[PDB]
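The next block holds one structure in the form of structure tokens; read it before the comments.
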Amino acid sequence: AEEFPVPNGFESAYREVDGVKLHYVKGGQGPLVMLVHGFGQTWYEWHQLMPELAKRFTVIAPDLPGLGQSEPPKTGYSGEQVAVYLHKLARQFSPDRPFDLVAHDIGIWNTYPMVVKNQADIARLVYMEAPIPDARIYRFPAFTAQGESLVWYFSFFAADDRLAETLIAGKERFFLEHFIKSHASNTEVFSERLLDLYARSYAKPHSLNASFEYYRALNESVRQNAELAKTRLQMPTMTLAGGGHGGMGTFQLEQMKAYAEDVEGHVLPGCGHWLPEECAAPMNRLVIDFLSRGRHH
Amino acid sequence: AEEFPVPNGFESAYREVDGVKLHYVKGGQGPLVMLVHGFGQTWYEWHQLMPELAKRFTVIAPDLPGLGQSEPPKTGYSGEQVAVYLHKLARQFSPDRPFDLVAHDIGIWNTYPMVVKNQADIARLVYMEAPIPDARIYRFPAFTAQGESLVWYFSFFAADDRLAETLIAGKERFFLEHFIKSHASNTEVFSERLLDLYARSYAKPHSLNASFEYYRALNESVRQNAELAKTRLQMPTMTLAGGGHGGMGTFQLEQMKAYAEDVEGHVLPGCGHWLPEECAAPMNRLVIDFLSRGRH
């Protein structure tokens with residue numbers, strides 16, 4: 001079965017990596033690009049970008065461990081642990097050449113450690129719409145003069161007693177629509193049909209729990225990254241952020257400058273957190289152009 | 001019926017104030033002291049303090065509009081709106097003399113405007129365990145290196161789509177236990193019985209909604225207070241805060257220094273947010289002694 005429709009000419013498949021069955025969707029020919037989704041979603045957030053990239057690259061979009069159709073991690077949910085699975089997955093398809101990486105939201109948390117620990121394996125990097133886990137996350141506000149803040153939910157999801165799963169179980173579809181739209185500028189792209197697809201996936205009990213385990217491991221990820229960040233990233237990097245309601249704005253590039261020697265950043269006006277869906281045309285263009293500076297099919 | 005047991009020598013009663021039926025528990029004789037509860041609770045949080053205070057004062061403990069056995073406000077849930085009800089209630093019982101005010105948690109939000117606007121009516125003031133709504137609240141962090149922060153709940157409760165009611169309905173007891181214990185140092189004082197009583201009260205649909213409407217009005221209250229704070233408080237004031245897990249620590253007094261000319265503060269080591277229950281004896285002593293400096 002497939003939780004989301006595969007684009008024409010792509011295949012949905014699985015690869016066992018360190019005892020964990022990872023789902024991915026793959027298509028195209030050429031150098032490898034791996035696209036890594038974030039919270040609330042699955043590989044499917046990339047489905048509009050994938051066909052365009054596949055004209056020039058071999059494209060793989062995995063489901064994060066525990067989310068979509070991927071099994072939960074056997075080690076743990078900290079960035080360094082999850083990054084092992086994703087690095088090994090990518091290297092199965094590109095064992096002799098570096099690959100490109102695009103990541104959104106917690107996709108960043110789950111890839112940064114393998115990028116910094118295997119810099120020669122990463123040709124070009126695109127990060128969008130989330131902080132790399134570090135001390136900066138403790139400076140975000142609980143509450144704002146406009147209402148709910150961007151990341152108060154970090155505390156909700158990290159809370160003990162299974163607070164989040166206990167409250168959200170059975171109400172996943174309601175919760176996800178609120179979470180997504182509250183972090184959006186162009187809310188209209190989130191049709192009831194699209195929200196139904198995403199909600200059905202994360203409502204699987206192991207996926208609902210997995211989602212929150214990423215946040216329960218956040219402080220550990222921060223501790224890991226404090227050490228890792230002693231070495232800056234050397235490969236070409238691009239950051240994207242939304243400039244509209246729900247977006248990270250200038251924070252994305254400003255933090256990345258501390259991590260990367262070679263970074264260019266863009267803030268997309270009228271776009272919130274969900275760049276691939278809210279602002280498909282400009283986001284896809286920025287990504288395709290940036291990756292196409294390097295050798296491609 | 002009664003949601004909580006009334007102490008001997010006290011009466012559970014109601015008064016209409018601006019078309020809203022307010023519940024309160026009252027006892028004692030002497031000058032008036034009004035005790036105002038906060039979120040997750042009702043007049044009952046004061047039930048241990050009340051008999052002691054009633055030896056020297058007339059004591060009234062109202063349920064906030066929409067909570068306990070009080071009807072929802074017919075105006076709104078902003079601090080200035082709610083304060084009118086509480087001010088007029090107190091004046092029904094103390095028309096000719098200033099009265100004392102003790103407030104905890106959102107009881108502070110719901111009283112500050114009537115205190116600053118009617119200073120001649122307020123003899124002495126005790127505020128514990130919550131910020132007065134102002135820009136300082138925007139500095140509290142969303143997340144900490146130890147896990148959940150103190151006030152991420154402000155965003156959860158203020159969120160639209162009835163986010164909080166929708167997620168919490170059917171799980172009111174579970175949620176309230178987590179909320180209370182996560183903000184406590186002394187969790188043992190919250191027995192299954194006590195938690196049952198508080199949960200049943202705030203689970204009334206209109207009370208569950210009322211609870212969060214106070215937070216949905218918080219930014220409005222901040223804006224209101226920005227104007228009101230141009231006038232400093234002149235009456236003798238005491239602040240209390242918990243020094244343990246869940247408490248506000250030094251914030252309470254430090255904020256109050258910006259508001260009040262005459263203020264003393266205490267931080268109670270080993271106590272969290274729920275001072276009247278977690279640390280009843282020392283809290284009661286400090287309140288009684290502070291208020292007994294005035295004629296009683």
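Naming works like this for the structure tokens: A, B, ... for the chains as they're shown, residue 1 at the start of each chain, ligands 1 onward in shown order.
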
Define the interface residues of chain B facing chain A as those within 9 Å, counting only C-alpha atoms, and report them as a PyMOL selection string. chain B and resi 135+137-161+163+166-169+171+174-175+178+216+218-219+222

Expected answer as an MDAnalysis selection string: strand (DSSP E) residues in region 66-261 of chain B: chainID B and resid 99:104 122:128 143:144 147:148 237:242

Can you tell me, as a ChimeraX atom specification, what residues are no more than 12 Å from residue 32 (chain B) when counting only C-alpha atoms, ignoring any on the same chain fewer than 5 positions away? /B:26-27,50,53-61,89-102,121-124,291,294-296

Assign secondary structure with DSSP using the backbone only, and return the residues of region 108-294 of chain B in alpha helix (DSSP H) as an MDAnalysis selection string. chainID B and resid 108:109 112:117 153:158 163:168 172:182 192:202 205:216 218:228 251:257 275:278 280:291

Any idea what's packed within 6 Å of region 231-241 of chain A, counting only C-alpha atoms, ignoring anything in its chain fewer than 3 positions away? Could you give it as a list in words? residues 124, 125, 126, 127, 128, 129, 248, 249, 253, 259, 260, 261, 262, 263, 264, 265, 266 and 267 of chain A

With only C-alpha atoms as the atoms that count, which of B:24, B:14, B:127, B:43 lies nearest to residue 112 (chain B)?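 Answer, going by the shortest atom-to-atom distance: B:127.
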
What does the structure give for the distance between CA of residue 34 (chain B) and CA of residue 165 (chain B), in Å to one decimal? 29.7 Å

What's around region 4-12 of chain B at 8 Å? Count only C-alpha atoms, leave out sequence neighbours fewer than 3 positions away in its own chain, and write the answer as a list in words.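 The neighbour list is residues 23, 24, 25, 26, 27, 28, 44, 47, 51 and 197 of chain B.
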